[PDB]
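J.: Here it is, the structure, as structure tokens.
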Amino acid sequence: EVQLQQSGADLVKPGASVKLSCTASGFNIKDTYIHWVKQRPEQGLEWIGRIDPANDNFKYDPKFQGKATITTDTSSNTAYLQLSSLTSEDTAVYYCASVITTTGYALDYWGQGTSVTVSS
Amino acid sequence: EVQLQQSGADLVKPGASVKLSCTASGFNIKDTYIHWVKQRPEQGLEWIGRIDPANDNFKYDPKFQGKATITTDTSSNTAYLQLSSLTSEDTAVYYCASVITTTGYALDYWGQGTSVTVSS
Amino acid sequence: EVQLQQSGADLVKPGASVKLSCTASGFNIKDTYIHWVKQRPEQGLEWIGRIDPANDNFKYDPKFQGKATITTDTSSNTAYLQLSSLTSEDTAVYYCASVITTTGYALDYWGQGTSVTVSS
Amino acid sequence: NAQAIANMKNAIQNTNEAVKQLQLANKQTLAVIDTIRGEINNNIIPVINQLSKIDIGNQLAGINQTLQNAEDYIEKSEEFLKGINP
Amino acid sequence: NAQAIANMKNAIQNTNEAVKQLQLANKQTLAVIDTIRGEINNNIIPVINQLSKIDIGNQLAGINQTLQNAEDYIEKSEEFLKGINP
Amino acid sequence: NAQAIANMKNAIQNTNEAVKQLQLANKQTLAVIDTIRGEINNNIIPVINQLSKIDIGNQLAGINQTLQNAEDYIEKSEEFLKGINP
Amino acid sequence: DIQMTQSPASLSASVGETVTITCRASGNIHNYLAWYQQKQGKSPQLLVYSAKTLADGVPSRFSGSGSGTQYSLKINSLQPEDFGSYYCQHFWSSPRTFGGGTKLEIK
Amino acid sequence: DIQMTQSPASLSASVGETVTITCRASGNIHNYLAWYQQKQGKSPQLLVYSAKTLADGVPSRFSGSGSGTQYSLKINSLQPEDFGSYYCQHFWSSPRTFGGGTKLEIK
Amino acid sequence: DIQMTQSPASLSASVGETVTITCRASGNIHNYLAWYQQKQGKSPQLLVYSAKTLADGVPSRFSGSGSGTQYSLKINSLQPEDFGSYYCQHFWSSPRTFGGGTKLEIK
Ligand SMILES: *[C@@H]1O[C@H](CO)[C@@H](O)[C@H](O)[C@H]1NC(C)=O
Ligand SMILES: *[C@@H]1O[C@H](CO)[C@@H](O)[C@H](O)[C@H]1NC(C)=O
Ligand SMILES: *[C@@H]1O[C@H](CO)[C@@H](O)[C@H](O)[C@H]1NC(C)=O
């Protein structure tokens, strides 16, 4: 069936770089959009941005434009989120989400999420 | 089957307001255009105007722009023509017509017509 | 099946006019594009131009704009290439070609070609 | 009918690309208008002030009709689409 | 579903004709801009040189938003088309 | 294939909305051109007459190519549509 | 706007005769022309659409053609049932007006 | 940009009660609004899309409506399983942001 | 306009050898490139279209790829029947011209 398998559990020092990732099963990455969402422990959800794997067409929420980027490897049906200059605020849970059936309207499938923390 | 059932037989005094109406059977008003046509006893046909029930988008022949308006109730599959400031010329037969199969080309179904007269 | 049957074997004097032609079988000319190509004996291929029989919309390579024109008769599924002011360079083989299955990408079917020569 | 689906999809995508190109042309047009305004506002007006017809009605009328035709075609497009639901 | 195919084909063709009409409007617009530039460059500037504000910011802002809306609609069009391959 | 029909219909409708927005942008553009013409014709010309270069060639060339690209895309759209009848 | 001119005001023909009705436009209709027929009473009905077609259920006796601003309807082998009033209208832009109409009588 | 305001910060209701959650936009979303639900842990899931529909598998207890910049979700006959956090987001243009969210507790 | 450059004028190879033919554009073709083959006589036929595909009926020996303005065709395990002239042309805008062509001989 259709699902997103997300991975990572990065414990890093301030100033570190972090790469989080997810893989697809049941569908081709090329035919869908991949979105990333950041959930701070107790503060709702912030949309980060998304990509179109067909042509590596990316778009980000201005808030994170200088903070993180999103890339992909179509040939392996995978997607990546690269975070840079990690600080205390970044501790959080990141989600990989995609639009499969509800095309043009809503995020459909979600990964289980990955937790990344920053500490001394 | 598909048909338009038109009604009214208004006998009014000069200066009166008249509301003529038609109902649909066999189809959904929301998926079609409704047109109204005015036939004076012996003088051919004049197009009045039409509406798109999906969004109440109306358009009228300038000649009748200040004379009559067209409205609708989608939930009951009905349509209405409201005539105002009736005078002697208005005595006539009005027709409810719609485009069902000949989409983009021609009026297809017609009601039987309603006669409205103005007298002292 | 689908094929183009090309004809002609014109031996003309310099300054003469020549009309070359092809007929279609297995398909309707109205639904396809007809292209013409000129092959000089030992010098590769030059595209001449093409027409859209649906509306007689023609387009030519500027090199031959004042040299030849392309026309058609939809009712008989035929196409014509009219060459004018024939000189020594024009001796060549002309091909009738069309796009049948590879729509939007490539010339698909070709005629066997017609040879026209110019001599004193 | 699978080929018809593929062909319509490709046809729509090319229509959308043509629209993108017109949008770019319009942004470039504004840059030109602003450039002309700039020179008038920066040099022509100040100099005249220190010291102290254009008839295009036929061209504007031509443009107004061309734009109206675009409206007539879109309206017809919408009428045909309503016939899909049946 | 054969009628749906026919209706979509006709709808696409009318969309394309509307696009052609906008292109023509843009070419005519440039002719107007060049005509105005011509008169300024040919008579206004030379005369001032022999002898020796325009505020449209609100209008340009309005145009910028209208053009942006066109982008928002095309982007949505593309998202729907991706759902065809499945 | 019913979903493909629904998706193409929605995609076409969004294309048409984008076209409507470009038309509006063009009408607003003409208003700006006429506003500039107005000020030139009403104040600049009369004052100079009482008292008595603009080079945008590179920008116009850029616009001409952008408009041509729009034509190249529509032509390709039409070629694909012809493959539907078969 | 685009207006329609129905040239024949009235036609007179016997049964079995062939007649024609011509309609012209004040502008380019892009072939969106349709023809209607009406009896002495009742509503009108659609006979030909797209100015080159037949409406469903219409006898082969009725046909037509045209282009540009010039269109026409032909009626072959007139039967008693074919005598009535004819109208032409267009579906391009707006208003979608009608021509004056032609009355065909038996005589 | 277009931001979402989730008005109720927290709701408190017993089982069997009816509650509503309202969400407003800073701009016109053209009905591209969707609602999500999240438990104390795990990922969120889609409950209603297009702001007038139900997502597949969602109980009839959940419904909603709206237009313009004003939208809402209704929950009828609350069951113990319906208590959790709700979010609203839009899919028009960009950024496709989220509202603050509403927490519904049992009491 | 957009012109095509066929770089190899002539290739010489024995049977079983692998050869390549390269073609470059003076402008962006948007991947609308197609390859053709012609014998000493007769008409040419289509071998690869869209510059990344195979035409129906064409042996797996023929393949190709490319992007931008740089495209190529590969021929693996050459057989006696594969020796002839090759051409490249584009289908973007107009004129839809051809490259000079490459002649592959047996030796
Ligand atoms: C052209 O249309 C505009 C409205 O978009 C109008 O203001 C202007 O007066 C029209 N031009 C002429 C010559 O009527
Ligand atoms: C309108 O957009 C253009 C870019 O296309 C920009 O250069 C210009 O400054 C903008 N106008 C205003 C008032 O911001
Ligand atoms: C741009 O195209 C127009 C025709 O639409 C032409 O009149 C003008 O001279 C062209 N501009 C240049 C720099 O060639």
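All Cβ positions, even for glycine, are placed from backbone atoms using ideal geometry, and neighbour counts span all protein chains on display. Read-outs throughout are calculated quantities, based only on the coordinates presented, and are distinct from any laboratory measurement.
J.: Past the 27 Å Cα-Cα mark, which pairs from D:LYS9/F:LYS27; C:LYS38/C:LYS59; B:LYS67/F:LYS9; C:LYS19/F:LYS76; A:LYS59/D:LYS9?
T.: D:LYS9/F:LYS27; B:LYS67/F:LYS9; C:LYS19/F:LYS76
J.: Along Cα-to-Cβ, 7 Å out, sits the label point; list in nm, shortest first, how far the one on H:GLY57 is from those in the other copies.
T.: Nearest to farthest, the other copies are at 5.0, 5.0 nm.
J.: Moving on to the next point. Once both labels are modelled 7 Å past Cα along the beta-carbon direction, what's the G:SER60-B:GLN82 spacing in nm?
T.: The modelled label-to-label distance comes out at 5.2 nm.
J.: Could you pull out every one of the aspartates and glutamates with an alpha carbon less than 17 Å from that of D:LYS82, ignoring same-chain neighbours closer than 8 positions?
T.: B:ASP31, B:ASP52, B:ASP56, B:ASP108, D:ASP72, F:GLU17
J.: Over region D:36-86, what portion of Cα pair distances is larger than 14 Å, expressed as a whole percent?
T.: Of all Cα-Cα pairs in region D:36-86, 74 percent lie more than 14 Å apart.
J.: Net charge within 14 Å of G:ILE29 by Cβ-Cβ distance, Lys/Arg positive one each and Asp/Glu negative one each, not counting G:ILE29 itself?
T.: Around G:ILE29, the surrounding residues sum to +2.
J.: How far is G:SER10 from the same spot in each other copy, in nm, shortest first, if each label point sits 7 Å from Cα toward Cβ?
T.: In nanometres, ordered from closest: 8.9, 8.9.
J.: Now, a different point. Please provide three numbers in whole Å: the alpha-carbon extents of region G:4-106 along the principal axes, with the largest listed first.
T.: Cα extents, longest axis first: 37, 24, 23 Å.
J.: Hey, could you grab the Kirkwood Rh for chain D? Inverse mean 1/r over distinct alpha carbon pairs, Å, one decimal. Walk me through the intermediate numbers first.
T.: Details: mean 1/r = 0.0561 Å⁻¹.
Computed over Cα pairs of chain D, the Kirkwood hydrodynamic radius comes out at 17.8 Å.
J.: Now for a different question. Between copies, how close do the F:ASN85 label points come, placed 7 Å along Cα→Cβ, listed in nm from shortest?
T.: From this label point to the equivalent ones elsewhere in the assembly: 3.1, 3.1 nm.
J.: Moving to a separate point now. Between D:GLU75 and B:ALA9, what is the spin-label point distance in nm, taking each point 7 Å from the Cα along the Cα→C-beta axis?
T.: Calculated label separation equals 3.7 nm.
J.: Under a straight-distance cross-link criterion of Cα-Cα below 20 Å, which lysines are reachable from D:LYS53, leaving out those fewer than 8 residues away in the same chain?
T.: E:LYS53, F:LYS53
J.: Hey, another quick one. For chain F, what does -39500 (n - 2.57) per DSSP helix run (n ≥ 4), summed and divided by total residues, give at 222 nm, in deg cm²/dmol to the nearest 500?
T.: -28500 deg cm²/dmol
J.: What FRET efficiency do you get for F:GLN68 and B:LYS30 if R0 is 30 Å and r is their Cβ-Cβ distance, rounded to the nearest 0.05?
T.: Working from the Cβ atoms, E equals 0.10.
J.: Continuing with this model, one more query. Over all distinct alpha-carbon pairs, what is the Kirkwood Rh of chain A in angstrom?
T.: 14.5 Å
J.: Run through every distinct alpha carbon pair of the protein assembly as shown and return the Kirkwood hydrodynamic radius in angstroms, one decimal place.
T.: Kirkwood radius, the protein assembly as shown: 33.3 Å.
J.: Strictly greater than 16 Å: what percent of every Cα pair in region I:39-84 meets that?
T.: 44 percent
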